[PDB]
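In structure tokens, the next block holds one chain alone, the form deposited in one PDB entry.
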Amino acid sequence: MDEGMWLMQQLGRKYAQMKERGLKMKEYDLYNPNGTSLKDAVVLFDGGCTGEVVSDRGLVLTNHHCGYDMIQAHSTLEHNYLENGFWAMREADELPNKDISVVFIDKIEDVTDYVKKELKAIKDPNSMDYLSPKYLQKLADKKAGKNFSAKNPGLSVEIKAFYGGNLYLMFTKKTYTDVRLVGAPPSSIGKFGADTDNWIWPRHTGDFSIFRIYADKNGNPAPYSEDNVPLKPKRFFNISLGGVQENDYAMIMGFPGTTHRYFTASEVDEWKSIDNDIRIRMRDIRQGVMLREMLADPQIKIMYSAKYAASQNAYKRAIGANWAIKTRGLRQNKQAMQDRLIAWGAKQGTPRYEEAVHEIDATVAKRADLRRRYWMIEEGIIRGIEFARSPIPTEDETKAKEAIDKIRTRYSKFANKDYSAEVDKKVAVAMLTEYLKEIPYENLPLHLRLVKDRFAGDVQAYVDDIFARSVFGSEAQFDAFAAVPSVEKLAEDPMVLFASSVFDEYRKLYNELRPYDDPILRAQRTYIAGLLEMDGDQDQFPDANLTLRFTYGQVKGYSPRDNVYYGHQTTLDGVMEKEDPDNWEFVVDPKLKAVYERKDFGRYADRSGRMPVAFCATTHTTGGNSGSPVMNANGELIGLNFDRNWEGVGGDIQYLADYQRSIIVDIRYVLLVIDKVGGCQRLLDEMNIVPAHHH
């Protein structure tokens, strides 16, 4: 019954409990380590989301916000798929995507003994190779052996460390890079309530999009080619129209990215006071400027919609995280846990665990000045100011027609279709003003002294001068440079001198801070080993690390405070209750309203006649679980995970059963939107849809 993000290896230890919670699948149909199972219909989507195959022709469902980058990339003012959605009426109209991927997890093996055998043979206990991806890849290649990817094309092998270095798993991955956009609702559906409803339950967002994996004519990975055909997969999800009742069993497979459940108390403090607080203040500044520019110009809106969402999501998550830390006493919970271990170890007669907790505390305390400076510049400038990534002429290039083409190339990517120099200047002035007020002069990147030195505090004039006099300040000014390129012109260029100075400081802080990482990491291995020994590993699971996990629970609402209860299911009536045509966040598509007003629900309505939108469950998910398949007790698809409730944000530090809920779009609502809003009948014909007993 236990909550958590369980390794696939732990399905055996949990299977009986899952049956007592309501599971009806046979175990090896869910996950089979030596054969085909439902696991083979799950994919890691574009390196940061989850998705699932739902057709014998390779159809993939994920979230709308998982497909957001590709929806935006294909959008223009002529065809604004962000605004009005997209629906390919035949496979030939499905849109290819550059630099996209879908990864299947073909096999998973425990290689802890092998990895520990290889490590001890190096005879270097202080080396950090036990965490190094480059070293673990060397160990992975050694096991897989003899040009593994060349022999098996599109297949690769990866080893990853778990439990701070106490467990190692090898993953055999099959990667497809021809993944085409098939359908997406308008953002008024897929992102209903936008930032206001982000991380909020009740939720009324139809957060889905639709892709299709293309392969060679044998089903093997192949680069984008109009000759590729839809993948016929080993396995795909049946879609259930049986709905969900309160207390129903529900389970999820997906790729949770990061948790911090083995944080010491002092690490929780650092995370809140440095990482989260700096992110909160810097990004609210960047976002306020950006949004005002976005709402005033429809093309600025297209160009920055994805940039704004990526900034906005982790900003609000940081607010929720610090709120959980404050109001749920998460710092004191970790204090108790590390004190429990310290007391146990004292009994056993070893101080290794008390030393490890003190070692973390001392390192955390020592790196606080630099880490604060690292996060101020990372959130304020590297993330916040786009022309910090303007081209810097390499040493090779300045000591030289052929080079002016490589610099044109980097000016191209910098000032691409998404880049507004006017928006960036408004952002930069607001960001540097907060930056200059929080970082003292003697600690600024060198070029930033000129605000005090040369510009008498005028931040606007400083940024204005960078664009005015720079080779990269405008397309016209770059052409004038590409015509008669100087080197005494570029070597004093204000934007180049800005980008190089802030990146100089960024790396100086990193190189200074990176040594402090190692004592914490080694102490973490000891701290986690002591907790595994003290309490056993039957009810513990390793922190998420972007690998496949499963979690189960019940469909159930929660109560956020006294006399207030939120139920387990929202309806299309809640969308209409929230409609506000004067609020960009809460506009409703007239096609959706007409369907609601006419009750044109088809077989997608609940048996009651009401139209579901979303439900929530006691599963334990985090960032990376977006688009994860949500299965009923028969393994049939009933929804797509897409968020957590506000209190659930604290689940990355501690799960609390009264408050942790995954927010899940009801699969019947996905189908209603495909059918009645998108009008794309062909996608439901290729799905295998299981009727309800009462149909």
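Basically, rigid core = biggest C-alpha set you can superpose within 1.5 Å across the two forms. Start at 1 with the first residue shown and count on from there.
One more form of this protein should be noted, the form deposited in another entry, which is absent from this view; the next part is about it.
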Of the candidates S240, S156, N322, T570, the only Cα that travels 2 Å or more between this form and the one not shown, given a rigid-core fit: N322
C-alpha of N545 moved at least 2 Å between this form and the one not shown on rigid core: no
Threshold 2 Å Cα movement between this form and the one not shown for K191, core superposed: no
Threshold 2 Å Cα movement between this form and the one not shown for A491, core superposed: yes
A309 and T196, C-alpha gap in the other entry relative to this structure (3 Å or more): closer
